[PDB]
Amino acid sequence: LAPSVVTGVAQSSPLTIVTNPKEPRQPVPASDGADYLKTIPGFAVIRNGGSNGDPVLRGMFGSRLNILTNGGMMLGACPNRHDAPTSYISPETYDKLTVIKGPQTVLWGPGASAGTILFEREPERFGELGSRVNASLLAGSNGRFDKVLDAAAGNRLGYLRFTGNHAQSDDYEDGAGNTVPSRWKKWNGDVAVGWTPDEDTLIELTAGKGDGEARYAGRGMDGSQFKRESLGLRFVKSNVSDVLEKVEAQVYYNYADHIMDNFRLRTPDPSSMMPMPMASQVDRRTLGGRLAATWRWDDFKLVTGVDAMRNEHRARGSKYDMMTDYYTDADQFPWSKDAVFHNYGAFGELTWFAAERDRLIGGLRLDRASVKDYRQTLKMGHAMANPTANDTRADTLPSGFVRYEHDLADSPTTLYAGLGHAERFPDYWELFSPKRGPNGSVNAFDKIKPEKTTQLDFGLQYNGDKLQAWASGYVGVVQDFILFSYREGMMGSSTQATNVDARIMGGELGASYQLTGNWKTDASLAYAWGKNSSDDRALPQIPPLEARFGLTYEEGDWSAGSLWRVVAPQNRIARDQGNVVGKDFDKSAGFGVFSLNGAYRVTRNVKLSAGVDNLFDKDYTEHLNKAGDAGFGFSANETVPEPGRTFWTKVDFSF
Ligand SMILES: [Cu+2]
């Protein structure tokens, strides 16, 4: 019953991790989605600044990760992924965070080859008139102040819910004494209205908005605006018939309106190729929906349904009169539409409960994806017609998987093995951001092929008395892996997208052990590996081997913890290759980082927790972090350092 700080999350069932994002986390997150994944083994984060990192799963980047919020897809608008999908998520305002590793589900949309990440809120459960309140406050080094409110009220027939947050921090320092360009500020407000006419029926309306800003040590521009607008309608109908367990219907609308520039959170770099003030505004409008039936009978469960999605991207930019020194801000010009995506899919998942110790799960999905290029012109020179203006392209993509789970006779042990095949239609960033496409093509839009992934997942759960253990491995091949290559060319830096063939393997494992009634210990390991077979060399942007060691003492109302994080050097690199955000250049040094936490239950409604992160003020950087920008003093290919010693205190309220 004793409160504690979360430093790692175990895998609680085959391929699946479930955690409550409201619990304090001990390397302390910057109020974004990527940081709350740092505690799940297998995740690493490309750091841009103090917040809004870009999540990598088993070395896989971007849309290979399927990231949903309440069942819906929120997509960013920045062509450089300043505003990756997790940058809009404040996890403390959600109730549950679920990760499913590998291409092992078809229920949640197309293309999820690396895994599926689901932030969800539970519907209120009032049976009579009442209210509940959850809230938290966090105070830390470098002006870190966070504020969270989750209030609801209702009765048997319906409810109203408000969740909200305001979070901010000044620039932090690395372990060498340097101020890193990294301040950020986030806020969210979301309302939910629930109608429960009877216990077999729920209809929920949601709407919310947020905004933010972030300074980016690792970019030429900062994010001065991360506007989000969200609308959602959900309908869940239970026990419809004796076999129809559940019908689910859902629509959602998500809008992102992002501004980056070189003059609101920094000064233009005189020595750079942007000495004049310069702003770029972009937006993304996403409309999608889902309809799913769940059937149960005999020893079988069948989930069947369809989904659909449309999204639209537009941009406009500022102007600088070199003669007048007159600046015309981006909002003075009309939006120019540049891209529209569509997807429609049908999916089905069948489970056979053979006997009591054996489960077979099989899933299939057929997707129809299309995209239209609306760029009339391309942006060295301002000229350039666009060769594929108003062109469309489409494909039809089947995906599926089979998984066997066997429960042992003489132990609390589950073994599993799965084969998955996933096909992903290319990203906005894979089609529109590359300066060049494959050789001989007119552009990336016209030629880049869908990515096709075939992977074996396997592993085991041990749910013992004093020992809790789990392991999960994977071997896989990727046909037409979409890879970025970087060139200088005096123009600046310029990117080419190509398709290559890849081999991947890796795994995660971890154990929890109750030493005594007060002492517990846990460890985890994560490894990922990648080879570019077409070019006979290593895949880029693969995080090195990582281990975590934790030790906790609990005693009635309080606990104390310590944590060692140890990561090996990454000597497997592919220089000047990567994705749309980052590229490899050097082998990384290994490092160790040490942290302490504690927690105290003051009462049943208020608990306190506190941590020191990186106690020894280690100066270090991660393999995947962005190179620092020359305008901030960084040498060439020197990557953004991680924070030095950091103190924080948190008070959680539950009424
Ligand atoms: Cu941007």
# chains A, B, ... in the order shown; residues from 1 in each chain; ligands from 1
>>> residues_near_ligand(ligand="ligand 1", cutoff="9 Å", atoms="only C-alpha atoms and all ligand atoms", output="list in words")
residues 77, 78, 79, 80, 81, 82, 83, 221, 222, 223, 224, 225, 258, 259, 260, 261, 280, 281 and 282 of chain A
>>> select_by_dssp(residues="stretch 375-502 of chain A", states="strand (DSSP E)", output="PyMOL selection string")
chain A and resi 392-407+413-424+451-463+467-487+494-502
>>> residues_around(residues="stretch 533-544 of chain A", least_positions_apart="4", cutoff="7 Å", atoms="only C-alpha atoms", output="list in words")
residues 44, 59, 500, 501, 502, 503, 527, 528, 529, 567, 568, 569, 570, 572, 573, 574, 577, 578, 583, 584, 623 and 624 of chain A
>>> write_last_selection(atoms="C-alpha atoms", output="PDB file, in the first residue's frame")
ATOM      1  CA  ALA A  44      14.453   5.847 -26.474  1.00  0.00           C
ATOM      2  CA  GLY A  59      15.102   1.489 -33.040  1.00  0.00           C
ATOM      3  CA  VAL A 500      16.192  -0.260 -48.846  1.00  0.00           C
ATOM      4  CA  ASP A 501      15.952  -3.765 -47.467  1.00  0.00           C
ATOM      5  CA  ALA A 502      16.624  -4.246 -43.772  1.00  0.00           C
ATOM      6  CA  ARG A 503      17.134  -6.933 -41.128  1.00  0.00           C
ATOM      7  CA  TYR A 527      18.709  -4.070 -27.061  1.00  0.00           C
ATOM      8  CA  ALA A 528      18.027  -3.259 -30.710  1.00  0.00           C
ATOM      9  CA  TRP A 529      19.963  -4.076 -33.852  1.00  0.00           C
ATOM     10  CA  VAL A 567      24.036   2.540 -21.323  1.00  0.00           C
ATOM     11  CA  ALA A 568      26.714   1.062 -23.550  1.00  0.00           C
ATOM     12  CA  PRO A 569      28.448   2.849 -26.404  1.00  0.00           C
ATOM     13  CA  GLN A 570      26.788   2.547 -29.794  1.00  0.00           C
ATOM     14  CA  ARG A 572      27.118   0.513 -35.013  1.00  0.00           C
ATOM     15  CA  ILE A 573      26.387   3.695 -36.989  1.00  0.00           C
ATOM     16  CA  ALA A 574      25.567   4.764 -40.551  1.00  0.00           C
ATOM     17  CA  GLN A 577      21.785   8.545 -42.730  1.00  0.00           C
ATOM     18  CA  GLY A 578      18.713   8.586 -40.550  1.00  0.00           C
ATOM     19  CA  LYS A 583      21.107  11.564 -38.735  1.00  0.00           C
ATOM     20  CA  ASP A 584      24.059   9.565 -37.399  1.00  0.00           C
ATOM     21  CA  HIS A 623      23.267   8.633 -29.150  1.00  0.00           C
ATOM     22  CA  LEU A 624      19.906   9.738 -30.658  1.00  0.00           C
TER      23      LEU A 624
END
>>> closest_residue(among="A:55, A:420, A:437, A:412", to="residue A:466", atoms="only C-alpha atoms")
A:412
>>> residues_around(residues="residue A:512", least_positions_apart="5", cutoff="10 Å", atoms="only C-alpha atoms", output="list in words")
residues 10, 463, 464, 466, 467, 468, 469, 470, 520, 521, 522, 523, 524, 550 and 551 of chain A
>>> write_last_selection(atoms="C-alpha atoms", output="mmCIF file, in the first residue's frame")
data_model
loop_
_atom_site.group_PDB
_atom_site.id
_atom_site.type_symbol
_atom_site.label_atom_id
_atom_site.label_comp_id
_atom_site.auth_asym_id
_atom_site.auth_seq_id
_atom_site.Cartn_x
_atom_site.Cartn_y
_atom_site.Cartn_z
ATOM 1 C CA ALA A 10 7.252 -4.246 -16.505
ATOM 2 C CA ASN A 463 4.320 -14.285 -12.310
ATOM 3 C CA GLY A 464 5.930 -15.833 -9.271
ATOM 4 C CA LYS A 466 8.796 -13.193 -4.779
ATOM 5 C CA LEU A 467 10.079 -13.036 -8.391
ATOM 6 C CA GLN A 468 8.295 -11.351 -11.312
ATOM 7 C CA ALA A 469 9.989 -11.756 -14.698
ATOM 8 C CA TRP A 470 9.395 -11.165 -18.401
ATOM 9 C CA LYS A 520 12.646 -4.934 -3.421
ATOM 10 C CA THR A 521 14.928 -4.861 -6.429
ATOM 11 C CA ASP A 522 14.461 -4.740 -10.175
ATOM 12 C CA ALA A 523 16.498 -4.689 -13.367
ATOM 13 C CA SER A 524 15.791 -4.265 -17.055
ATOM 14 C CA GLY A 550 16.477 -0.202 -9.031
ATOM 15 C CA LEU A 551 16.316 -0.739 -5.301
#
>>> residues_around(residues="residue A:563", least_positions_apart="4", cutoff="10 Å", atoms="only C-alpha atoms", output="ChimeraX atom specification")
/A:7-8,26-27,521-523,548-552,593-597,613-614
>>> residues_around(residues="residue A:171", least_positions_apart="4", cutoff="6 Å", atoms="only C-alpha atoms", output="list in words")
residues 180, 181, 182 and 183 of chain A
>>> atom_distance(atom1="atom CA of residue A:465", atom2="atom CA of residue A:513")
8.9 Å
>>> closest_atom_pairs(of="stretch 47-154 of chain A", to="stretch 206-211 of chain A", cutoff="10 Å", atoms="only C-alpha atoms", output="tab-separated table")
residue	atom	partner	partner_atom	distance
A:70	CA	A:206	CA	9.9
A:88	CA	A:210	CA	7.8
A:89	CA	A:210	CA	9.4
A:90	CA	A:210	CA	9.6
>>> write_last_selection(atoms="N, CA, C and O atoms", output="compact mmCIF listing (two decimals), in the first residue's frame")
# COMPACT_ATOMS: atom_id res chain seq x y z
N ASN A 70 -7.42 8.46 -26.84
CA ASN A 70 -8.83 8.09 -26.72
C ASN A 70 -9.34 7.40 -27.98
O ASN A 70 -10.48 7.61 -28.39
N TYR A 88 1.77 16.65 -28.38
CA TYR A 88 0.46 17.21 -28.04
C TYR A 88 -0.17 16.51 -26.85
O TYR A 88 -1.17 17.01 -26.33
N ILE A 89 0.39 15.40 -26.39
CA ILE A 89 -0.20 14.61 -25.32
C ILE A 89 0.42 15.01 -23.98
O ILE A 89 1.64 14.98 -23.82
N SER A 90 -0.43 15.40 -23.02
CA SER A 90 0.02 15.52 -21.63
C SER A 90 -0.44 14.28 -20.89
O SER A 90 -1.63 14.19 -20.53
>>> closest_residue(among="A:482, A:442, A:247, A:167", to="residue A:146", atoms="only C-alpha atoms")
A:167
>>> residues_around(residues="residue A:299", least_positions_apart="3", cutoff="10 Å", atoms="only C-alpha atoms", output="MDAnalysis selection string")
chainID A and resid 296 351:356 359
>>> atom_distance(atom1="atom CA of residue A:229", atom2="atom CA of residue A:73")
12.4 Å
>>> closest_residue(among="A:557, A:331, A:307, A:546", to="residue A:109", atoms="only C-alpha atoms")
A:307
